[PDB]
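Below: the structure, in structure tokens.
Using ideal geometry, Cβ is built from the backbone for each residue, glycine included, and neighbour counts are taken over all protein chains shown. Just so you know, all these numbers are worked out from the coordinates, no wet-lab data involved.
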Amino acid sequence: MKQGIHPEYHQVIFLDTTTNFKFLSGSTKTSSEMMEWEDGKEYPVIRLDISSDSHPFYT
Amino acid sequence: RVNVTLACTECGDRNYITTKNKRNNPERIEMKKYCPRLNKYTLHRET
Amino acid sequence: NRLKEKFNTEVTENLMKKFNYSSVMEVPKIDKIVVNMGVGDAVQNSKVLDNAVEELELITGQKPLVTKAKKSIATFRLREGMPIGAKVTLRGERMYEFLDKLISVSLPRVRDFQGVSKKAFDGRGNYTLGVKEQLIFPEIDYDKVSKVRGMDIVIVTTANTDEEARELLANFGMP
Amino acid sequence: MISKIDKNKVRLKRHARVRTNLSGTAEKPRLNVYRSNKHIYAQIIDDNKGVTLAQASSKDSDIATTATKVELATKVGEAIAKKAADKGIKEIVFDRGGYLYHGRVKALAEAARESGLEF
Amino acid sequence: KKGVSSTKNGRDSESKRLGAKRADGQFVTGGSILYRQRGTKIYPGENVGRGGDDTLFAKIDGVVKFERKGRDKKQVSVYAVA
Amino acid sequence: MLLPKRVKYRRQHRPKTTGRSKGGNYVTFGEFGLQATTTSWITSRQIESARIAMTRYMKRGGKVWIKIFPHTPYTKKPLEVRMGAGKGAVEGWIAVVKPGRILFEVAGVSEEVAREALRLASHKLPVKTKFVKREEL
Amino acid sequence: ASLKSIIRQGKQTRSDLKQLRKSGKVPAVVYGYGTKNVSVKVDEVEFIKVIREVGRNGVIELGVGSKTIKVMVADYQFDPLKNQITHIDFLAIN
RNA sequence: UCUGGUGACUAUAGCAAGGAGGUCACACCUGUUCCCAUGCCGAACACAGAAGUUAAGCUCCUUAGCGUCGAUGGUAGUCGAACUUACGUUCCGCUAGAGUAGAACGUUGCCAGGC
RNA sequence: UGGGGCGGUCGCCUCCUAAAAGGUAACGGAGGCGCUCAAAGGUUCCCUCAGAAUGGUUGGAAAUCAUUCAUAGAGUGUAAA
RNA sequence: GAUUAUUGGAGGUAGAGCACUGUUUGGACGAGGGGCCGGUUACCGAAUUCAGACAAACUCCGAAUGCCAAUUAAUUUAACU
């Protein structure tokens, strides 16, 4: 957590439409369009991906 | 890089000597040391 | 600690049946990851290095740091100085909250057939992974990033070797 | 792969690199020190003969509370300073172990320094 | 003569009368030298100082004692009962 | 073969002629071999002629092992010129031996054949020698 | 394999040693389990006969004084040049 | 009679291996708000808790397996002497290295607990 | 100055010769010098080797990063010690 | 003062030795650039090994003898300014 060279991350609620895998983090300090409590009261801006929807193995 | 001669304020003589480097140290360096006129470590500067 | 209890259950389910650690005190945990970038050849690419810094500033919690070259190795312009590095130490809750993030953006843009990969290890429990920055910056899609780069990703585990890295990769990893 | 270890050996190595110019003459005896995790223990020692001069501890029941992690050692510094009032109540040789002039150390240090003894 | 060609490897130093100057048993002065050296073949021990050139001088007056130092090394002691 | 081909210095000292064999006094590679009875130098060339002779007598016969290399040079001035204004260039490379020190070994060929070949090698050689078997017992 | 020896004594000089080794004999020292560092000498000839009879190894009866000792070689100092022996070490197995 | 540092003994003191030990201390850790904290981590340091620990570390027990030292004897080498003319010979003493038997997997002083 | 001469050199430092104290010649053998560093100095407090593999976006092998061994071999302003 | 029994010590010769540096073998091992299709196979180079050898400017070792000094003891007769 290299203080001295540490910017701010934050455990953001990556609330996607594909299962809402809001257990991620980063500097994605975006507007909490979904001010939820079960996940972080932060950006759900992770809108659509295929990591939880269309895998090449289990699509 | 020359024979560097610092001039004290009022120790009155052309005493102290050292090395410098013009490339490393082109400007006038100054620092503390014993001028025995006064029994104390006092400042002198290049001149 | 999102994948924390996920791993804490898989150990007691799988490795307490295979490895059978005689005490909970001796349980196989991951330590950290080093996220050092690579060359980032800032002989005049000071700005490209600034950009690759700002990448990890936001991707990770800490930015890298520019290791000046210790040598003057020919076939490359470097010398005493020559900032040619980047280095980041992800240990704690950042490590986990970044882990769950990156494995959850990995397969979409990495375009991997296995799901992530099968292996690139060096035979210790350390991955020696090289990349092209596809899945990363899901915060900032590949629209304003200037240069492809791939870190030198190294697992750092209480486990013994890459064979056990696989067993723990069973948790939200696709080997 | 990488392993976690004990720090005390490093403490002791730094302590040895300290002890080179630093020894209990039996006039300014060496004030040897140890914190393990919970309680801090101390002993004034002659090193000209290698023999003790005192014995004190946090978990020594005389100076015993649940205060701070720190004021405990401060109390010990007062108590051992009183013990030194018997003899070796003078300026003596202090050992910072492989530790630093900070925290528990500095607290107990000034405790003993200002409870009589003028090292 | 006729053409005697030349050479170059004809250059060297003036030696420095190095090594010890006193021996195990004898008695000394305070400003006395015991060993001119380079580096530390032997380390000063008791009542000895290492000057500029690694020159060892017994601090005080007394007898000398060379001896080992560690498992495999050397030192010097000086004792003033005398 | 397995060597650092270079050297440290060129002009070195003329070694010790006297003495005894520090080793190399036993049969290891071959079965038969030759050791010596004198303690003199070798000029990189009697060896040459000798192994030539032994080979071309064997008709590309058995196997052969040399236990030697001139690690060492000598020098020489030109012809009988005045003295001491330097040190001359090298003229060849040598390797002194000792009585008892093995030189050559051979196998894959008859006893008497080897004996003959070695005898023949000796005649272009400057040293008294001796033919030897693989020591046993 | 029942060979005999004779006991060496102290300060066998260079002279008497060269004389004996030059004679048809050889010095030996035995040690190991069942024995001490005992210095004797032995006939080179019979030693070589039993060598050719037994091979490198053999638990040999050894006659010193009265006792027949089981022994084998520890090592030996042997001159290849002139192909004769100068010293023989022995180890007892008992 | 375990600990602590303190220890003086050279590692025959060890290396590695095998096994027991248990939060008297030991350390695993709880986190960083607190001093402090790191050209770049509560990593470390420091802070505050002891929650769970012998699993690690650690002590003890076993292997001399790795290492160590290491005989006896002997050799070369060498003083000296006398020889002769020798890439020397002989006599006298000093007697190495290497090898080799063999060994040991610790003695130990202080303190206050612990006993 | 192994006649003179031409050549070459002429002042210091380090090794070998130099013969287990030191010392010791050769138109004998090998290398450096005619400075530098106000930080490469002083003090205090931390850290601890390259190299090798170990191998991996680089990969010319190896740049950078990664784990274990590394005997200080690393490195230690300037020659060897 | 000198000599000798006795001590005690410094040191790295000779010898031995590869443990570094090297220099050298042989054979192996496997791989590499490469015989080719990026490779096979050989080839070398390098590493690794086995085993072996050499060293004034190599040393893990290490004599004899000499050197220095002791309350050194005995016998001599020096010794110094």
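Taking the stretch G:1-58 as the region of interest, the strands (runs of 3 or more DSSP E) fully inside it that hold 2 or more residues being buried (at least 16 other Cβ atoms within 10 Å of the Cβ) are G:25-32, G:38-43. Would you say C:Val53 is surrounded by fewer than 21 Cβ atoms within 10 Å (Cβ to Cβ), more than 8 Å from chain A (Cβ to nearest Cβ) and part of a helix (DSSP H, G or I)? Spelling it out, C:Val53 is indeed surrounded by fewer than 21 Cβ atoms within 10 Å (Cβ to Cβ), more than 8 Å from chain A (Cβ to nearest Cβ) and part of a helix (DSSP H, G or I). Scanning the stretch C:149-165 for residues that are assigned to a loop (DSSP other than H, G, I, E, B), more than 15 Å from RNA strand H (Cβ to nearest atom) and either of a type in the set (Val, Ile, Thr) or buried (at least 22 other Cβ atoms within 10 Å of the Cβ) (or both) turns up just one, C:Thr161. Picking from residues in the stretch G:59-91 that are part of a loop (DSSP other than H, G, I, E, B) and within 16 Å of RNA strand J (Cβ to nearest atom), the one that is surrounded by the fewest Cβ atoms within 10 Å (Cβ to Cβ) is G:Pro80.
Considering the stretch A:25-47, the residues that are touching a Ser or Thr at 6+ places or on another chain (Cβ under 6 Å) and not acidic (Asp, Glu) include one that is farthest from the other protein chains (Cβ to nearest Cβ), namely A:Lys41.
For (1) farther than 11 Å from E:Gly30 by Cα; (2) within 15 Å of the chain's Cα centre (by Cα); (3) free of Cβ contacts under 8 Å to residues at least 12 places away in the same chain, each residue gets a yes or a no:
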site: E:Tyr43; (1), (2), (3): yes, yes, no
site: E:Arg50; (1), (2), (3): yes, yes, yes
site: E:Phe57; (1), (2), (3): no, yes, no
site: E:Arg68; (1), (2), (3): yes, no, yes
site: E:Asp72; (1), (2), (3): yes, no, yes
site: E:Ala82; (1), (2), (3): yes, no, no
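Tell me, yes or no, whether the stretch D:50-61 has at least one residue that is within 14 Å of another protein chain (Cβ to nearest Cβ) and within 8 Å of RNA strand H (Cβ to nearest atom). The answer is no; no qualifying residue exists. Could you look through the stretch E:34-58, keep only residues that are within 14 Å of chain D (Cβ to nearest Cβ) and touching a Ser or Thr at 6+ places or on another chain (Cβ under 6 Å), and pick out the one that is farthest from RNA strand H (Cβ to nearest atom)? Out of the qualifying residues, it is E:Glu46.
The set of residues in the stretch C:83-105 being under 28 Å from C:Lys68 (Cα atoms), within 8 Å of chain A (Cβ to nearest Cβ) and over 12 Å from the mean Cα position of the chain (by Cα) consists of C:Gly92, C:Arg94. Residue-level analysis places C:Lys63 outside the set of residues that are under 13 Å from the mean Cα position of the chain (by Cα) and at the interface with chain A (Cβ under 9 Å from one of its Cβ atoms). When residues in the stretch D:97-116 are screened for being farther than 14 Å from D:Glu71 by Cα, surrounded by 13 or more Cβ atoms within 10 Å (Cβ to Cβ) and near RNA strand H (Cβ under 10 Å from one of its atoms), 3 of them pass.
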